[PDB]
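Shown next as structure tokens: one chain only, the form deposited in one PDB entry.
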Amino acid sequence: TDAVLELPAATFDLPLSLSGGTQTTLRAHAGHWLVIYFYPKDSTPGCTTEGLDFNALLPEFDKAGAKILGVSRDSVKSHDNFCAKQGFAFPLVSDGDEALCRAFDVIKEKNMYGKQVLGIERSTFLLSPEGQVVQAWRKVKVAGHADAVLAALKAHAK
């Protein structure tokens, strides 16, 4: 009833490779809020702006007990390099096989170049402490976005 998206049960048990070398799963985040933001490519202008915006708000997300995860299909090494250069203090998921992306339906198609072209669409989601996807943002406008996500989280957490 409060969910805006339904994920396959197996999604919650997928091993998610993180920057820094560990793995997590969505089920492992039970009991707290989780922000999951998908972005198309490490170390590009919009993706860097977005990451830095979430990073600046980390104390506010902490106040609410929430954790953040950024997601792209870049490698663990790429993610480590991106985190170190930018000073990110939250983890990035290396979704190399796009399993997490597909679960959240963020791989979108565009008819371009006389081809059917698939790519990550910038998207963010709020996962409740009980594992429900309760809010979504798709075709994300980076400017103002992290602020909007924080505000929505606060409104939901009540």
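Numbers follow the displayed sequence, beginning with 1. Definition used throughout: the rigid core is the maximal C-alpha set that superposes within 1.5 Å between two forms.
- Averaging only over Cα atoms, indicate whether 58-66 or 34-42 has the higher B-factor in the PDB entry. It is 58-66 that shows the higher mean C-alpha B-factor.
- Query: So 1-9 or 148-156, which one's hotter by mean CA B-factor in the entry?
  - Reply: Higher mean C-alpha B-factor: 1-9.
- Item | residue 91, C-alpha B-factor rank within chain (lowest, middle or highest third) | For residue 91, whose C-alpha B-factor we compare with every modelled residue in the chain, the answer is the middle third.
- Task: Can you work out whether the C-alpha temperature factor of residue 130 puts it in the lowest, middle or highest third of the chain?
- Result: For residue 130, the deposited C-alpha B-factor lands in the highest third.
- How does residue 143 rank on Cα B-factor within its chain, lowest, middle or highest third? According to the entry, residue 143 has a C-alpha B-factor in the chain's highest third.
- Task: Rank-wise, by C-alpha B-factor, drop residue 103 into the lowest, middle or highest third of its chain.
- Result: Its C-alpha B-factor, which the entry lists for residue 103, ranks in the middle third among residues of this chain.
- Task: Divide the modelled residues of the chain into thirds by Cα B-factor and specify which third, lowest, middle or highest, holds residue 116.
- Result: Answer is middle: the recorded C-alpha B-factor places it there.
In what follows, reference is made to the form deposited in another entry, a form of this protein that is not presented.
- Item | Of 110, 32, 102, 63, the one whose Cα moves 2 Å or more between the shown form and the other one after core superposition | Single residue meeting the criterion: 110.
- Message: Given a superposition on the rigid core, I'd like a yes or no on whether residue 21 shifts its C-alpha by 2 Å or more between the shown form and the other one.
- Response: Yes, its C-alpha moves 2 Å or more.
- Direction of the Cα shift between residue 61 and residue 20 in the other form, where the change is 3 Å or more: Farther apart, which means the C-alphas of residue 61 and residue 20 are at least 3 Å more distant in the other form.
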